[PDB]
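Only one structure is covered here, and it is reproduced in the block below.
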Amino acid sequence: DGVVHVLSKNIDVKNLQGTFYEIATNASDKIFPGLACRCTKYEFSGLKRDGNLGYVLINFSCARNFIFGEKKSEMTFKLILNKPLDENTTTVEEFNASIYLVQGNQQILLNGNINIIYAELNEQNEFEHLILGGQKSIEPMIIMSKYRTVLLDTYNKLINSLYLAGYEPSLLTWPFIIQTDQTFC
Amino acid sequence: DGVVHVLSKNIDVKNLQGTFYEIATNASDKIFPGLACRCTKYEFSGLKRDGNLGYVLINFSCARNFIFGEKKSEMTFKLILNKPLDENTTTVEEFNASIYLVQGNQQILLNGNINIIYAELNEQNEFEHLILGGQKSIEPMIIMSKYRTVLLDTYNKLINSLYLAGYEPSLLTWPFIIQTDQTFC
Amino acid sequence: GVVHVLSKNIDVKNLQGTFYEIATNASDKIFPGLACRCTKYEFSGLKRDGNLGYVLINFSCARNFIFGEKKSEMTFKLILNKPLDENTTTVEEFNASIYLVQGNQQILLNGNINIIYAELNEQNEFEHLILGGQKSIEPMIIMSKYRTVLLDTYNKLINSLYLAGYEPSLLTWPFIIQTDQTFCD
Amino acid sequence: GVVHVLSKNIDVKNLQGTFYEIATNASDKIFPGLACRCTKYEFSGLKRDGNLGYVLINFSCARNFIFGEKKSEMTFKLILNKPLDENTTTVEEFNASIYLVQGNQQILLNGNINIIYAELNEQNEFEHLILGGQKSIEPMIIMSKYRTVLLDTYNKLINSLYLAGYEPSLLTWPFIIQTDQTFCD
Ligand code: NA
Ligand code: NA
Ligand code: NA
């Protein structure tokens, strides 16, 4: 049972919009865009439609550190929902999508199964915290927040959220969970 | 002068065919595909014209290690030479090319200036060793070879090639140059 | 690249108790800090052998061996480099040699470790300690009365390093490492 | 997880002069081998304190501080754990304690280090040593008379680790680190 289930069902894809800050990731996420990033940032667009496709664009931006200086690094992704989405509703029982790399009209599938695992709604019915993950503990997982920092309490909840989702309790500390440096930026 | 120069001119693209093994890379090669890679390999397709335009396909494979085990990892790349190439000739003054990530009928540009900096021919007019790289020491650079491993004399020679080419001398040692593990493949 | 003390006229008496390691530079990982989580320092408070003053330090952490954690404990001695009359318990500048110690043996590690910056509170006890060398590249440690600190407090501590003469570009992720102070049962 | 010595009846007389470090597991880095290139152990050959067999080691490396390399130089003392008769020069197993030393001071670091494997050359000397604890995750070091070794030699040495009781999975990159022996004065 190293297999992780979604906690947060019934997600209004409409309020998957605006800026989130990478708080922390597992190792498997550094493999593509994360490596050597500081001040990592996801500007999710809003929900968009091409016929029966629900999808959100993501602008990824970081200060990538090349030791003898930092270059800004920008890339667009496209989260496409795997199941088609009826135009009467904006809500899905589970957010389960294919993340593509996007440049002009060309697109390349990176992962066929990315999930919102956990979402905290705040007073104004919006996303304060998001955990994105695959169906397995070793597949790329990202903790992002409406804010650059979260108090130790928040962080232990988000980590406990990963547990109840079914991450090995052993993979919830330093070597396997890496804090993104959000300091200057 | 700041810039990495091509040493190996008048290159017969016809013979950029077959497997080469990753010996060593700079840190910046890891930001994209090589992050946790053992046993890394590049199969070239040899020259392909689609008219006045010359290009080569690379199948990248590695045993990427997730700490709890290794999956295989397979991607395709497309080197499109920047100058056009006449149909009579199979040769170019310098190998200068844009590199694309490809998948099905999709291509995403990653870099407008990747070069063959140095190549070692044999009597049978074919590539023993290759160094690919950009114009600065901070763009990805790869040393690869006909052979899974190489004697120190050969490695000392390839690193020197990089010195002569204009690659900053203090960036030719460990933290900045990473030997690829080619044990057990 | 010379760093100077900010905090002068420091009362050594009240350098006792438990400080948690918040952040180190890469240099400090060379000796006892590599792969440490939950890193803690217990100070003895001022001890004298006549005009010679010193302080003892119980270093402890949970070292991560990727497949589990050993508790690792060591003792260090800070000997003040200048003598210290049996009148006062205050020094113009805390400047000391640090020793590894085990029973009555003691091996010198560094002849210049300083208290760069110290924050006192109403009861004249230390909220935060920055320990450092004379060069930015020598080992540097940020430790607190508290296991975690607010982005605010951390920014104040980094500002202090700046004014002490750490290169502003040495004060971000690759060269300043946050210690994992979570799940420390 | 339990390792047994393979090379028995070792002549400690001919544990002398200069070995170059080929490779290491993660655990050796924790003390001195961090950021070390060109790592080198000069053994003193067997010394006697009557009943006590012991060997000195001048450890030296080029330590990489990112912005330049200092020489790093330490002395160790290997005391054999069972007393050694002055008639014999040869132990059934080399099981010894390693101390850091500096002038007349010594501090125990590990009380159970073993020569697991010695390869004898025609002068009946050590071509190759493997040092190591009883446990796969204790510090292990593969060191050779030569700065490099042939893939065949490397595979033979890694094979010895398997026969001695290392998990097959801990014999590849993340856990076995090759030492950079490039650019070494
Ligand atoms: Na590698
Ligand atoms: Na002993
Ligand atoms: Na190394």
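Counting neighbours? That spans all protein chains shown, and the Cβs are built from the backbone with ideal geometry, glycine included. What follows is calculated from the coordinates using simple rules that are stated; it is not laboratory data.
If you bin the C-alpha pair distances of the protein assembly as shown every 10 Å from 0, what whole percents do you get?
Using 10 Å bins, I get a P(r) of 2, 12, 20, 23, 21, 14, 6, 2, 0, 0 for the protein assembly as shown.
Per DSSP helix of 4 or more residues, -39500 (n - 2.57); summed, then divided by the residues of chain C. What does that give at 222 nm, rounded to the nearest 500?
Helix-only estimate at 222 nm: -2500 deg cm²/dmol.
Could you line up C:74, D:140, C:143 from fewest to most neighbouring Cβ atoms inside 10 Å?
C:74, C:143, D:140
Please state the charge dipole magnitude for the protein assembly as shown, taken about the Cα centre, from unit charges on C-beta atoms (+1 on K and R, -1 on D and E), reported in debye and rounded to the nearest 20.
20
Comparing A:57, A:109, A:47, which has the greatest mean-square fluctuation in the GNM of chain A with Cα pairs linked when under 10 Å apart?
Comparing A:57, A:109, A:47 in a Gaussian network model of chain A, the most mobile one is A:109.
Only counting other Cβ atoms within 10 Å, I'd like B:66, A:20, D:43 sorted with the fewest neighbours first.
Going from least to most buried by this count: B:66, D:43, A:20.
Relative to the Cα centre, what is the charge dipole magnitude of chain B, using +1 at the beta carbon of each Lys and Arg, -1 at the beta carbon of each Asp and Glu, and rounding to the nearest 20 debye?
Its charge dipole is roughly 540 debye.
Looking at chain A as a GNM with Cα springs under 10 Å, which of A:34, A:104, A:18 has the largest mean-square fluctuation?
Comparing A:34, A:104, A:18 in a Gaussian network model of chain A, the most mobile one is A:104.
How many partner chain Cβ atoms sit within 10 Å of a residue's Cβ in peptide B:67-75, on average, as a whole number?
What the average comes to for B:67-75 is 3.
Give me the one-decimal Kirkwood hydrodynamic radius in Å for the range B:52-120, with the sum taken over alpha-carbon pairs.
14.0
What is the calculated FRET efficiency for residue D:51 to residue C:162, with r their C-beta to C-beta distance and R₀ = 60 Å, to the nearest 0.05?
FRET efficiency, residue D:51 to residue C:162: 0.55.
List the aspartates and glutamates whose Cα sits under 19 Å from the Cα of residue D:82, skipping any in the same chain fewer than 8 residues away.
D:11, D:49, D:92, D:93
Given the rule -39500 (n - 2.57) for each run of at least 4 DSSP H residues, summed and divided by the residues of chain A, what is its mean residue ellipticity at 222 nm, to the nearest 500 deg cm²/dmol?
After summing the helix terms and dividing by the residues of chain A, the value is -2500 deg cm²/dmol.
Counting just the Cα atoms, what span does chain B cover along each of its three principal axes? Round to the nearest Å and put the largest first.
50, 39, 33
State the answer as a single residue: which of B:26, B:6, B:44 lies farthest towards the positive end of the charge dipole of the range B:1-55, with beta carbon charges of +1 for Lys and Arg and -1 for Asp and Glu, about the Cα centre.
Final value for the positive-end residue is B:44.
As an exercise, use a Förster radius of 25 Å and the Cβ-Cβ distance of residue C:85 and residue C:42 to find the FRET efficiency, rounded to the nearest 0.05.
Calculated value: 0.40.
How much FRET efficiency would the formula 1/(1 + (r/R0)^6) give for residue B:163 and residue C:125, where r is the Cβ-Cβ distance and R0 is 45 Å, rounded to 0.05?
For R0 = 45 Å, the calculated efficiency reads 0.20.
Placing +1 on the Cβ of each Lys and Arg and -1 on the Cβ of each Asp and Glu in chain A, which of A:177, A:75, A:124 has its Cα farthest towards the positive end of the resulting dipole?
Selected residue: A:75.
Under a straight-distance cross-link criterion of Cα-Cα below 16 Å, which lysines are reachable from residue C:40, leaving out those fewer than 8 residues away in the same chain?
Cross-link targets: C:29, C:70, C:71, C:77, C:145.
How large is the dipole of chain D about the Cα centre if only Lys and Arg carry +1 and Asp and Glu carry -1, each at its Cβ, rounded to the nearest 20 debye?
With only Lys, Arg, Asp and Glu charged at Cβ, the dipole is about 440 debye.
What relative contact order, as a whole-number percentage, does chain A give when Cα pairs under 8 Å and 6 or more residues apart are counted?
It comes to 29 percent, rounded to a whole number.
Net charge within 10 Å of residue B:9 by Cβ-Cβ distance, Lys/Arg positive one each and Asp/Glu negative one each, not counting residue B:9 itself?
Combined, the nearby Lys, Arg, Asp and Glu give -2.
Could you give the alpha-carbon Rg of chain C over 2.2 N^0.38 Å, rounded to two decimals?
In units of the globular-protein estimate, chain C measures up at 0.99.
Report, in whole Å, the centroid distance computed from the Cα atoms of the range A:37-62 and the range D:7-26.
56
List the trypsin sites (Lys or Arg not before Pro) within the range B:1-46 that fall in a DSSP loop (any state other than H, G, I, E or B) and whose Cβ has at most 15 other Cβ atoms within 10 Å.
Those that pass, being in a loop and sparsely packed, are B:9.
Would you be so kind as to identify which of C:116, C:146, C:89 lies farthest towards the positive end of the dipole of the range C:47-157, taking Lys and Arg as +1 and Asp and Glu as -1 on Cβ and the Cα centre as origin?
Result: C:146, furthest along the dipole toward the positive end.
Let me know the number of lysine pairs in chain A closer than 12 Å at the Cα, not counting same-chain pairs under 8 apart.
4
Starting with the fewest neighbours, write out B:75, B:141 ranked by other beta-carbon atoms found within 10 Å of each beta-carbon.
The fewest-first ordering by Cβ neighbours comes to B:75, B:141.
Defining a contact as two alpha carbons under 8 Å apart and six or more residues distant in sequence, what relative contact order in percent does the range C:47-185 show?
Contact order relative to length: 12 percent.
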